[PDB]
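First the structure, in the form of structure tokens, and then the observations on it.
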Amino acid sequence: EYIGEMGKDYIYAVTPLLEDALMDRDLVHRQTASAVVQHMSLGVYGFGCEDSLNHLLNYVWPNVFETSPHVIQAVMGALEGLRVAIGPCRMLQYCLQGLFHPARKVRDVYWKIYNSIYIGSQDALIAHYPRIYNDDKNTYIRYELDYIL
Amino acid sequence: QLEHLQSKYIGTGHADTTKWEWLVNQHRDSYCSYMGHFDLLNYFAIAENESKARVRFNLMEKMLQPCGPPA
Amino acid sequence: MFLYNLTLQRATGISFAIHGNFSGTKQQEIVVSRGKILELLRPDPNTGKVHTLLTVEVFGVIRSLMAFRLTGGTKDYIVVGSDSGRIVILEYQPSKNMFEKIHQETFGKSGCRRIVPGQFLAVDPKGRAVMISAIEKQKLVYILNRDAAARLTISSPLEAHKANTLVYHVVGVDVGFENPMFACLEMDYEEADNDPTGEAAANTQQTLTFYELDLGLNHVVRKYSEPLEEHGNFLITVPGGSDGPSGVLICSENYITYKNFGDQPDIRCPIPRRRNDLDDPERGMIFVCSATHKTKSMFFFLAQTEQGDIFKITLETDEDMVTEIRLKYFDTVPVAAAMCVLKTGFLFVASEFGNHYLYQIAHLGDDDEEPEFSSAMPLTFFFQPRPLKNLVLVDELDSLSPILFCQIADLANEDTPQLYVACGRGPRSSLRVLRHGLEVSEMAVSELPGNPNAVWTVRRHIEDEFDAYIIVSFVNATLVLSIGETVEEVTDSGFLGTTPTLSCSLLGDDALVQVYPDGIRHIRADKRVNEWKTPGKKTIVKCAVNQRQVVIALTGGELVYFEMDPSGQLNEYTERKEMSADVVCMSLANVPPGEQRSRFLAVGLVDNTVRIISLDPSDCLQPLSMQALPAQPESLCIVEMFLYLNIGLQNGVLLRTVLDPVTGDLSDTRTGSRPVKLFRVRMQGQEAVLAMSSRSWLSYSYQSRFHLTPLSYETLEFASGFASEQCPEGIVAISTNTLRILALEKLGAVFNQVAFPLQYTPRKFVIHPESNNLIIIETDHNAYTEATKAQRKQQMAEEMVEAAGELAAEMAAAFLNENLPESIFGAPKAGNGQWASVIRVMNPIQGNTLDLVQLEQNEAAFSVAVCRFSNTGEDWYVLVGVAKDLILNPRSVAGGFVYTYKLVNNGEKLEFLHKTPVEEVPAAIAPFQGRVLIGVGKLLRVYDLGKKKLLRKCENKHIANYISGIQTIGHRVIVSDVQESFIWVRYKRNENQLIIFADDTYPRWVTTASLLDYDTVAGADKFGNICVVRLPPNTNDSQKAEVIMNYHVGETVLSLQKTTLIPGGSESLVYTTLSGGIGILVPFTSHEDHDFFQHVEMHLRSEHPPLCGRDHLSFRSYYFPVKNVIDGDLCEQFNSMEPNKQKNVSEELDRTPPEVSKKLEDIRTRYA
Amino acid sequence: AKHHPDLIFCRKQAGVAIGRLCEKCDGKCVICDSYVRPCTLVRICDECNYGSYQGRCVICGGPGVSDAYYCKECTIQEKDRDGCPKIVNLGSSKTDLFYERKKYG
RNA sequence: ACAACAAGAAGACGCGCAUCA
RNA sequence: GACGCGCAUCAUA
Ligand SMILES: [Zn+2]
Ligand SMILES: [Zn+2]
Ligand SMILES: [Zn+2]
């Protein structure tokens, strides 16, 4: 948090330590690792270092399914910090997996994350929306973007 | 309860949000994005031989109820 | 892997145009708004010309623009509504020549959203309040006042939200010193999304509500709600109070309605239709934009339809009510986005696609022969279009807005490259050629014997506004001439130039000084000869003439000083400076009108050491300073707009040094390898220099900035000024053994253009390798071909004859004989699935057409290629992809065809060979390895030449979406999918199959692509994003590809090409956009320079915020984060920054502004 | 204050007023209670600025001696363009502390 | 009268274990 | 569900 833009050179050093800490061994360690990820992602924004930042998302994402308010708050903060650093496309791709899952709690969690991503940078989601084929009754195809000059 | 940003905002969904509502919301957002930008409007008005005013009027008409009737 | 963004051409697409008294003087000005660039321009009533005076980038999308003034004020404040979540107010300072922010209020998130205000902006005509609104659910009103300090203030916003409302337009209603009123076209949709039966979508009329601002109560409340019978598009404000009734005008389909709150009834008036219209009668008619001329005596309105017809709306009103609406046909102009009716009869037409026009109102159309129209007539009206005869064209601007295809190549015999842009839309489309330099126009041609080497431009008197004499000197003799608009040889000038004259100056009030190697003779207007014989057998070398001093130089490095004494004779000083070198070139500056005389002197030597000599008699002919020079100088000059010293050398280098007793800064650039002479010229009332090289060079000072651009002309040997009745401001430049006259009318900073008219919109074109021709394919939607138009006209004539009015219808012959111009009156737009295609062979050197091929009514061309097959010999083939009955929104294809041509007579004729059917429209055609690969829909096929039809060899079906582009190199082919980014496929020769091995991870709406090298591909995007994709080193020819570059230009890019622009320079990635701008990407040369540029960008991001309060980093990361790209537009704004802030930045960077400017300009000079 | 989940922001249209901070909380961020890199100024709605509420502190409510600021992270996340950060809830902790302080003395 | 203040010490949480019905 | 103990979180005051 303090160094800010100087964290782009030491990001490689703490990656194995964060990888080890993010493992499901204790709640406090995962919360602190999520806070570290959030602060680092916020600091390094604007330099183009998503090659190592994308690796930590694969470990942050499995920690969302938690019930403790502190750990879920930390995970939500980490996800919102990573959203500006990695781009909304990856977050949207992750969220579109179980958005309409038959269960209820997972749907609630995914919809909360989708709303959080939707409130900020709403206009940027136009180009990242997936293509959905129309059914017999309705038309779900956006034909305006298929024009060719 | 610090979820005031989600409830007050328009377009945010929840568990009981159907597919049709999400599709129509994203269609309206796409139409608004098309209208806001100028180069996208130029591309649309060059692809089909029309005018900017005609394209804007057509986009106004298409915003009433896209994706057909609800089920 | 770090790039740098440079910009050559700016966008020329006008979106919003406003007029007012922004400077505060008595002259009107126009503030035009581009997509992201704010520009200010004013017309000149004297010469009828338009010139730009300010151009500042705001780094954001300007969604709205309005102007207003306070109660009793004399200045106009600009209100700008942009894509950011804030509203700003701007003021123009004539002294500073910059835009100054007055206020800044934030009301929501940034970016183009749905419930964020900024789309619609309305202001109170009195100037007491402003309104901003969104598309849905959110409206805001700001109250403006002024304090005792005569400074504009603002209050808290007032909420006017309304759930489930779709606003079409917002406009302010003019009232007389009452509560402000705003009229909007609200529309509800809550019930339309509840009933699934479907009738809720229909019979849902929109209302017209009025909003009242209660100043005493400090809140906004809805007053009325009036449903409309039909759908309207926009509203017009009728002036109220003491000048006209208060109300609004609603424009709709084929109708116009006046409406006012209270007891005022509604008035409905139909829109006139063109006589014998060939368009589909089902098509309607609407208005595009409107203007207003609030004359003190009586006011009217101007409106434009879809076809460009201008009408004149006049309202006749009673004491309180309005009686009828009168319409009158005014003229016809190309379709525009907005009009600005200035004072003194100036009409500005800002076309949406093409050039911009300025019209002078010569007549008001009073008591015209043609009748008018009104709503009182029962029951549909018709009028006959005719030539203008009411407006006179004065000025034309230039705008390359509809850039659709570009191709940089060297087609002419000259070694310099040229740019070929297929711009234009509709019948006004043209193919333009861009060349770097200034516009050269020939004024006169004269052949004279001998070897001319010098000419002179001397006025009769120092106060004369025109030239008097022209002197032409040769190697052996001289040719004295005079100008009288019938230029001939003069004899009574009294010169007797038997010897070649070295100089002809204007020393006295009306006297001349001649220099010859045999002595010095003074030529006074009075018959007096003050001849000074040269002591000894030595001769003269050079001279330094002036308005009060004449400095000569003798052999052996000796200087003789002469001064023009007020008594009337010349005297010589008693000191002669001696040097150890030879005189080569020395120059003297002009006398200042205010001060006594010049003081600094420049002396060149073979030793390459310049010496400054003071002209004061106390210390005359004494050295001051020294400076080393790499090579022997050729010429010297002293330019004055803080003077600068120009150094000319016998080789191709031009050097500039700031005026200073001691040596200082030195900026130089390549000019070459030829002697260079710098001559003074006067452009726009300011001095400038002109040098000679392989190409002519001009260095002028525009807007307190020095430009260095060449001339698009052949070599020359001497230059001088020109002033006469035919051309008050010209240039006399002699040529090889002849006399020629040149002039500069247009500013012509960069990219001179010549337009060759076409008939349709050019989609794509190719270049014939052998004959160096062009094969252009064109296609338009909702268009008719020649045969269809002819048959429709014949059918209309037959119907008119069948009408048989009482036989007595003699108009058929006149209708069939007389036709309107296509390029001025537009084109007949009729149909929904109609198309039109024309294939043309064009010589790029000239404008003539070599061959023309026309297709069927329902055939659309989309691809073209030139290929050679291995089975045949040296045959050249042309393949065209043809569609059949395309419907745009409900997409459906009824087949496709591929045309084959023989190309007989090495590219001067095309003949039909055979056709072949395909199951889907072909989008891309790419030849490789002696065969042709054609993409049919989402399938990839390989074809071969056949006697009957093309024979398919290989087929692939693993492409997910519609193929939009194919690029081939070596043995690998890159497929550009419509929604996915890229696909890599390899072709097997022995086994004959296509296999996919590499793909991309992020979907991208790719429009075009280019291949920088074997493994790097540069893509594009519909929204403006530019990305670079590289394959991982560990790949087997599943395997994803990495991205090494991301950026957001902010404009749609439709072309990419890596090539060299100027000779002797490195390669660059040139891209052209759909708005008219041209930019390049430049890699860095070292790491220290990259670090310095990064530090400058970081400092200016916070220290110099953008004009509209939009974050630069967030704007450039509009869709994807920025990667290894440095924005040059922000870095180049350091020159307009405040001097104290510039200093602070310099000592923050531990450098100096003179060095920073040179460092910034070096990267632009090297690569451009 | 993120520490207390029961606190509720005013969340209304911000006006032209300027927020104030007391001596107890001088450099704290109004959202995340940070201590580094102040970025922008805090604005509050006209409802929070009327009579006895003019010049009061934003978080706790003491006399105003310094202006409120947003940190750089909040500005980057664009959390400032939400509304007035003034806390309208009294808070169950402060009143309870006052209640078991008064009885004891 | 609507009117905010003083340091005998407190606000939200979670993870594990013993006994009983 | 009831009577208890231990550990740990929020730059909590
Ligand atoms: Zn508030
Ligand atoms: Zn406080
Ligand atoms: Zn903060």
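Convention: chains lettered A, B, ... in structure tokens order; per-chain residue numbering from 1; ligands numbered from 1 as shown.
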Could you please tell me, as a list in words, which residues of chain F have an atom within 9 Å of chain A when using only C-alpha atoms (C1' of nucleotides)?
residues 8, 9 and 10 of chain F
Chain B residues near chain A (10 Å cut-off, only C-alpha atoms) as a VMD selection string:
chain B and resid 3 5 to 7 9 to 20 23 to 24 26 to 27 29 to 34 40 43 to 44 46 to 48 66 to 71
Write the residues of the preceding selection, restricted to N, CA and C atoms, as an mmCIF file, in the first residue's frame.
data_model
loop_
_atom_site.group_PDB
_atom_site.id
_atom_site.type_symbol
_atom_site.label_atom_id
_atom_site.label_comp_id
_atom_site.auth_asym_id
_atom_site.auth_seq_id
_atom_site.Cartn_x
_atom_site.Cartn_y
_atom_site.Cartn_z
ATOM 1 N N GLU B 3 -25.255 -2.337 0.852
ATOM 2 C CA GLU B 3 -25.625 -2.713 -0.505
ATOM 3 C C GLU B 3 -26.462 -1.645 -1.204
ATOM 4 N N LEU B 5 -25.669 0.679 -3.121
ATOM 5 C CA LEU B 5 -25.274 0.880 -4.510
ATOM 6 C C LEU B 5 -25.973 -0.078 -5.464
ATOM 7 N N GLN B 6 -26.333 -1.275 -5.005
ATOM 8 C CA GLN B 6 -26.939 -2.274 -5.876
ATOM 9 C C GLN B 6 -28.444 -2.076 -6.021
ATOM 10 N N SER B 7 -29.141 -1.831 -4.909
ATOM 11 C CA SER B 7 -30.595 -1.696 -4.962
ATOM 12 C C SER B 7 -31.016 -0.422 -5.685
ATOM 13 N N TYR B 9 -29.352 1.394 -7.918
ATOM 14 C CA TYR B 9 -28.988 1.400 -9.327
ATOM 15 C C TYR B 9 -29.989 0.595 -10.149
ATOM 16 N N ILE B 10 -30.177 1.015 -11.397
ATOM 17 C CA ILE B 10 -31.127 0.390 -12.310
ATOM 18 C C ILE B 10 -30.371 -0.561 -13.225
ATOM 19 N N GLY B 11 -30.868 -1.790 -13.342
ATOM 20 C CA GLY B 11 -30.260 -2.815 -14.163
ATOM 21 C C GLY B 11 -29.641 -3.954 -13.381
ATOM 22 N N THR B 12 -29.375 -3.758 -12.093
ATOM 23 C CA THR B 12 -28.808 -4.821 -11.276
ATOM 24 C C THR B 12 -29.828 -5.933 -11.066
ATOM 25 N N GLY B 13 -29.371 -7.179 -11.207
ATOM 26 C CA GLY B 13 -30.222 -8.335 -11.054
ATOM 27 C C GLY B 13 -30.063 -9.008 -9.697
ATOM 28 N N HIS B 14 -30.791 -10.107 -9.539
ATOM 29 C CA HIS B 14 -30.745 -10.902 -8.317
ATOM 30 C C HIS B 14 -31.039 -12.352 -8.688
ATOM 31 N N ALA B 15 -31.348 -13.174 -7.682
ATOM 32 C CA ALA B 15 -31.575 -14.596 -7.925
ATOM 33 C C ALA B 15 -32.791 -14.828 -8.811
ATOM 34 N N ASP B 16 -33.869 -14.074 -8.585
ATOM 35 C CA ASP B 16 -35.121 -14.264 -9.306
ATOM 36 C C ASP B 16 -35.185 -13.460 -10.598
ATOM 37 N N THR B 17 -34.038 -13.112 -11.177
ATOM 38 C CA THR B 17 -33.995 -12.392 -12.442
ATOM 39 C C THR B 17 -34.044 -13.395 -13.587
ATOM 40 N N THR B 18 -35.016 -13.228 -14.478
ATOM 41 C CA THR B 18 -35.170 -14.132 -15.605
ATOM 42 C C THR B 18 -34.192 -13.770 -16.721
ATOM 43 N N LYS B 19 -34.056 -14.691 -17.677
ATOM 44 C CA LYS B 19 -33.165 -14.463 -18.811
ATOM 45 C C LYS B 19 -33.651 -13.307 -19.677
ATOM 46 N N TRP B 20 -34.969 -13.187 -19.854
ATOM 47 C CA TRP B 20 -35.514 -12.147 -20.720
ATOM 48 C C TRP B 20 -35.188 -10.754 -20.193
ATOM 49 N N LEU B 23 -31.516 -10.007 -20.880
ATOM 50 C CA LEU B 23 -31.297 -9.771 -22.303
ATOM 51 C C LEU B 23 -31.819 -8.405 -22.733
ATOM 52 N N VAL B 24 -33.013 -8.023 -22.274
ATOM 53 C CA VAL B 24 -33.568 -6.735 -22.680
ATOM 54 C C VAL B 24 -32.771 -5.589 -22.065
ATOM 55 N N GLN B 26 -29.512 -5.646 -21.366
ATOM 56 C CA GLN B 26 -28.267 -5.516 -22.115
ATOM 57 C C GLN B 26 -28.513 -4.975 -23.520
ATOM 58 N N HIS B 27 -29.666 -5.285 -24.120
ATOM 59 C CA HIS B 27 -30.003 -4.705 -25.417
ATOM 60 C C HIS B 27 -30.182 -3.196 -25.317
ATOM 61 N N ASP B 29 -28.882 -1.234 -23.018
ATOM 62 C CA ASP B 29 -27.561 -0.667 -22.764
ATOM 63 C C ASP B 29 -26.739 -0.586 -24.045
ATOM 64 N N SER B 30 -26.813 -1.621 -24.886
ATOM 65 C CA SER B 30 -26.099 -1.595 -26.158
ATOM 66 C C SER B 30 -26.619 -0.486 -27.062
ATOM 67 N N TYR B 31 -27.941 -0.293 -27.103
ATOM 68 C CA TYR B 31 -28.499 0.787 -27.912
ATOM 69 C C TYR B 31 -28.035 2.150 -27.411
ATOM 70 N N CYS B 32 -28.022 2.342 -26.089
ATOM 71 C CA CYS B 32 -27.542 3.603 -25.532
ATOM 72 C C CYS B 32 -26.068 3.824 -25.852
ATOM 73 N N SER B 33 -25.260 2.764 -25.778
ATOM 74 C CA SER B 33 -23.845 2.883 -26.121
ATOM 75 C C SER B 33 -23.660 3.229 -27.593
ATOM 76 N N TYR B 34 -24.468 2.626 -28.470
ATOM 77 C CA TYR B 34 -24.413 2.972 -29.888
ATOM 78 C C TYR B 34 -24.753 4.439 -30.100
ATOM 79 N N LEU B 40 -19.189 4.977 -33.981
ATOM 80 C CA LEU B 40 -20.080 3.836 -34.162
ATOM 81 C C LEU B 40 -21.315 4.233 -34.963
ATOM 82 N N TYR B 43 -20.240 4.467 -38.544
ATOM 83 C CA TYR B 43 -20.140 3.127 -39.115
ATOM 84 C C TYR B 43 -21.517 2.576 -39.462
ATOM 85 N N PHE B 44 -22.489 2.758 -38.565
ATOM 86 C CA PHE B 44 -23.840 2.274 -38.829
ATOM 87 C C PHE B 44 -24.483 2.997 -40.008
ATOM 88 N N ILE B 46 -22.898 4.387 -42.505
ATOM 89 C CA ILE B 46 -22.151 4.153 -43.736
ATOM 90 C C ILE B 46 -22.437 2.741 -44.231
ATOM 91 N N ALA B 47 -22.594 1.797 -43.297
ATOM 92 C CA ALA B 47 -22.889 0.419 -43.681
ATOM 93 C C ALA B 47 -24.205 0.328 -44.442
ATOM 94 N N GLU B 48 -25.231 1.026 -43.970
ATOM 95 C CA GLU B 48 -26.493 1.161 -44.680
ATOM 96 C C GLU B 48 -26.674 2.613 -45.098
ATOM 97 N N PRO B 66 -37.568 -4.299 -27.200
ATOM 98 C CA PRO B 66 -36.797 -5.246 -28.007
ATOM 99 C C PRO B 66 -37.002 -6.671 -27.503
ATOM 100 N N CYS B 67 -36.383 -7.616 -28.210
ATOM 101 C CA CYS B 67 -36.414 -9.039 -27.875
ATOM 102 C C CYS B 67 -37.825 -9.617 -27.896
ATOM 103 N N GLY B 68 -38.742 -8.989 -28.629
ATOM 104 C CA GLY B 68 -40.079 -9.509 -28.792
ATOM 105 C C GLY B 68 -40.920 -9.406 -27.536
ATOM 106 N N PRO B 69 -42.079 -10.059 -27.542
ATOM 107 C CA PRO B 69 -42.965 -10.017 -26.377
ATOM 108 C C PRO B 69 -42.458 -10.926 -25.272
ATOM 109 N N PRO B 70 -42.770 -10.613 -24.017
ATOM 110 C CA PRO B 70 -42.354 -11.483 -22.912
ATOM 111 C C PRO B 70 -43.166 -12.769 -22.885
ATOM 112 N N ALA B 71 -42.621 -13.759 -22.185
ATOM 113 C CA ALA B 71 -43.282 -15.052 -22.049
ATOM 114 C C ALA B 71 -43.994 -15.159 -20.704
#
If you measure from CA of residue 247 in chain C to CA of residue 225 in chain C, what distance in Å do you get, rounded to one decimal?
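Value for the CA of residue 247 in chain C-CA of residue 225 in chain C distance: 14.8 Å.
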What residues in chain B have any atom no more than 9 Å from chain D when counting only C-alpha atoms, and can you write them as a VMD selection string?
chain B and resid 1 to 2 4 to 5
Just to be explicit: take each residue in the selection above, keep N, CA, C and O atoms, and write the result as a short mmCIF file (atom, residue, chain, number, x, y, z; two decimals), in the first residue's frame.
data_model
loop_
_atom_site.label_atom_id
_atom_site.label_comp_id
_atom_site.auth_asym_id
_atom_site.auth_seq_id
_atom_site.Cartn_x
_atom_site.Cartn_y
_atom_site.Cartn_z
N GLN B 1 -25.63 -3.20 6.35
CA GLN B 1 -26.14 -3.32 4.99
C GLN B 1 -25.64 -2.18 4.11
O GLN B 1 -26.31 -1.15 3.99
N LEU B 2 -24.47 -2.36 3.51
CA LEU B 2 -23.87 -1.37 2.62
C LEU B 2 -24.13 -1.69 1.15
O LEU B 2 -23.31 -1.35 0.29
N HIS B 4 -26.45 -0.41 -0.69
CA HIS B 4 -27.27 0.65 -1.27
C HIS B 4 -26.92 0.91 -2.73
O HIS B 4 -27.79 1.33 -3.51
N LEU B 5 -25.67 0.68 -3.12
CA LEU B 5 -25.27 0.88 -4.51
C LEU B 5 -25.97 -0.08 -5.46
O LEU B 5 -26.19 0.28 -6.63
#
Nearby residues, ligand 3, 8 Å, only C-alpha atoms (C1' of nucleotides) and all ligand atoms, as a ChimeraX atom specification
/D:29-34,70-75
Mind checking DSSP for range 193-255 of chain C and telling me the strand (DSSP E or B) residues as a PyMOL selection string?
chain C and resi 209-214+219-225+232-238+247-252+255
Which of these residues is nearest to chain B, using only C-alpha atoms: C:1042, C:1051, C:799, C:44?
C:1051
Report as a PyMOL selection string which protein, DNA and RNA residues come within 8 Å of ligand 1, using only C-alpha atoms (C1' of nucleotides) and all ligand atoms.
chain D and resi 9-14+44-48+83-88
For the residues in that selection, give me N, CA and C atoms as a tab-separated table (two decimals), in the first residue's frame.
chain	number	residue	atom	x	y	z
D	9	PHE	N	-24.64	5.69	5.40
D	9	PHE	CA	-24.33	6.97	4.79
D	9	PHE	C	-25.61	7.68	4.35
D	10	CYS	N	-25.52	9.00	4.21
D	10	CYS	CA	-26.66	9.78	3.73
D	10	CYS	C	-27.01	9.39	2.30
D	11	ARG	N	-26.01	9.33	1.42
D	11	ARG	CA	-26.16	8.87	0.04
D	11	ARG	C	-27.23	9.67	-0.71
D	12	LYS	N	-26.96	10.96	-0.87
D	12	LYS	CA	-27.84	11.87	-1.59
D	12	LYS	C	-27.01	12.70	-2.56
D	13	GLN	N	-27.69	13.56	-3.32
D	13	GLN	CA	-27.03	14.38	-4.32
D	13	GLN	C	-26.15	15.42	-3.63
D	14	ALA	N	-24.84	15.32	-3.83
D	14	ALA	CA	-23.91	16.23	-3.19
D	14	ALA	C	-24.07	17.65	-3.74
D	44	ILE	N	-20.80	17.72	0.42
D	44	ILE	CA	-21.96	17.19	1.12
D	44	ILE	C	-23.21	17.91	0.62
D	45	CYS	N	-24.36	17.26	0.81
D	45	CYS	CA	-25.62	17.82	0.37
D	45	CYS	C	-26.08	18.93	1.31
D	46	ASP	N	-27.05	19.72	0.83
D	46	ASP	CA	-27.54	20.85	1.61
D	46	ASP	C	-28.31	20.42	2.85
D	47	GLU	N	-28.82	19.19	2.88
D	47	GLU	CA	-29.52	18.72	4.07
D	47	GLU	C	-28.57	18.54	5.24
D	48	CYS	N	-27.34	18.11	4.99
D	48	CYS	CA	-26.34	17.93	6.03
D	48	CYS	C	-25.69	19.24	6.45
D	83	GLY	N	-22.00	10.12	-3.32
D	83	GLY	CA	-22.89	10.99	-2.57
D	83	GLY	C	-22.13	11.66	-1.45
D	84	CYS	N	-22.89	12.24	-0.52
D	84	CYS	CA	-22.19	12.81	0.63
D	84	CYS	C	-21.77	11.70	1.59
D	85	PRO	N	-20.53	11.74	2.07
D	85	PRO	CA	-20.07	10.74	3.04
D	85	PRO	C	-20.53	10.97	4.47
D	86	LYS	N	-21.39	11.96	4.70
D	86	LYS	CA	-21.85	12.25	6.05
D	86	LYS	C	-22.64	11.08	6.61
D	87	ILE	N	-22.34	10.70	7.85
D	87	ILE	CA	-23.02	9.58	8.49
D	87	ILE	C	-24.25	10.11	9.22
D	88	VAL	N	-25.42	9.57	8.87
D	88	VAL	CA	-26.66	10.02	9.49
D	88	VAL	C	-27.05	9.20	10.71
Go ahead and compute the interatomic distance for CA of residue 555 in chain C and CA of residue 636 in chain C, in Å to one decimal.
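Value for the CA of residue 555 in chain C-CA of residue 636 in chain C distance: 18.8 Å.
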Neighbouring residues of ligand 2 are defined here as those with any atom at most 7 Å from a ligand atom, counting only C-alpha atoms (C1' of nucleotides) and all ligand atoms; list them as a PyMOL selection string.
chain D and resi 21-25+57-62
Enumerate as a PDB file with N, CA and C atoms (P, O5', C5', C4', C3', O3' and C1' of nucleotides), in the first residue's frame the residues belonging to chain F that approach chain D to within 10 Å, with only C-alpha atoms (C1' of nucleotides) taken into account.
ATOM      1  P     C F  10      -6.999  -7.944  12.063  1.00  0.00           P
ATOM      2  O5'   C F  10      -8.299  -7.027  11.976  1.00  0.00           O
ATOM      3  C5'   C F  10      -9.013  -6.885  10.757  1.00  0.00           C
ATOM      4  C4'   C F  10     -10.132  -5.882  10.884  1.00  0.00           C
ATOM      5  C3'   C F  10      -9.752  -4.526  11.457  1.00  0.00           C
ATOM      6  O3'   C F  10      -9.179  -3.664  10.488  1.00  0.00           O
ATOM      7  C1'   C F  10     -11.741  -5.309  12.489  1.00  0.00           C
ATOM      8  P     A F  11      -7.594  -3.676  10.219  1.00  0.00           P
ATOM      9  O5'   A F  11      -7.172  -2.146  10.336  1.00  0.00           O
ATOM     10  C5'   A F  11      -5.801  -1.761  10.350  1.00  0.00           C
ATOM     11  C4'   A F  11      -5.361  -1.352  11.732  1.00  0.00           C
ATOM     12  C3'   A F  11      -6.335  -0.440  12.473  1.00  0.00           C
ATOM     13  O3'   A F  11      -6.277  -0.720  13.871  1.00  0.00           O
ATOM     14  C1'   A F  11      -4.263   0.664  12.223  1.00  0.00           C
ATOM     15  P     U F  12      -7.271  -1.804  14.521  1.00  0.00           P
ATOM     16  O5'   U F  12      -8.723  -1.244  14.190  1.00  0.00           O
ATOM     17  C5'   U F  12      -9.155  -0.005  14.728  1.00  0.00           C
ATOM     18  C4'   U F  12     -10.645   0.022  14.954  1.00  0.00           C
ATOM     19  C3'   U F  12     -11.123   1.037  15.979  1.00  0.00           C
ATOM     20  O3'   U F  12     -11.253   2.342  15.443  1.00  0.00           O
ATOM     21  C1'   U F  12     -12.104  -1.057  16.444  1.00  0.00           C
ATOM     22  P     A F  13     -10.658   3.605  16.238  1.00  0.00           P
ATOM     23  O5'   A F  13     -11.915   4.191  17.019  1.00  0.00           O
ATOM     24  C5'   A F  13     -11.757   5.216  17.994  1.00  0.00           C
ATOM     25  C4'   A F  13     -12.657   4.993  19.184  1.00  0.00           C
ATOM     26  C3'   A F  13     -12.347   5.860  20.400  1.00  0.00           C
ATOM     27  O3'   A F  13     -13.556   6.137  21.106  1.00  0.00           O
ATOM     28  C1'   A F  13     -12.090   3.583  20.973  1.00  0.00           C
TER      29        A F  13
END
Within 7 Å of chain C: each chain D residue with its shortest pair, only C-alpha atoms, as JSON lines:
{"residue": "D:15", "atom": "CA", "partner": "C:156", "partner_atom": "CA", "distance": 4.9}
{"residue": "D:16", "atom": "CA", "partner": "C:156", "partner_atom": "CA", "distance": 6.1}
{"residue": "D:81", "atom": "CA", "partner": "C:108", "partner_atom": "CA", "distance": 5.6}
Go ahead and save the picked residues with C-alpha atoms, as a short mmCIF file (atom, residue, chain, number, x, y, z; two decimals), in the first residue's frame.
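This went into selection-v9.cif:
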data_model
loop_
_atom_site.label_atom_id
_atom_site.label_comp_id
_atom_site.auth_asym_id
_atom_site.auth_seq_id
_atom_site.Cartn_x
_atom_site.Cartn_y
_atom_site.Cartn_z
CA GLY D 15 -24.12 20.02 -3.24
CA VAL D 16 -21.46 22.73 -3.05
CA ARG D 81 -18.87 9.93 -7.11
#
Given only C-alpha atoms, how would the per-residue table for chain A near chain D read, listing every residue at most 8 Å away with its closest atom pair and distance in Å to one decimal, sorted by chain and number, as a Markdown table?
| residue | atom | partner | partner_atom | distance |
| --- | --- | --- | --- | --- |
| A:2 | CA | D:36 | CA | 7.5 |
| A:42 | CA | D:73 | CA | 6.8 |
| A:81 | CA | D:77 | CA | 8.0 |
| A:84 | CA | D:77 | CA | 7.9 |
Report as a VMD selection string: the residues of chain B with a DSSP assignment of helix (DSSP H, G or I), based on the backbone of this structure.
chain B and resid 4 to 8 19 to 36 39 to 47 52 to 62
What does the distance from CA of residue 40 in chain A to CA of residue 1 in chain A come to in Å, to one decimal?
6.8 Å
Pick out the residues sitting within 12 Å of residue 14 in chain A, and hand them over as a list in words; count only C-alpha atoms (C1' of nucleotides), and ignore anything fewer than 4 positions along from it in its own chain.
residues 7, 8, 9, 10, 18, 19, 20, 21, 33, 36, 37, 40, 52, 53 and 56 of chain A
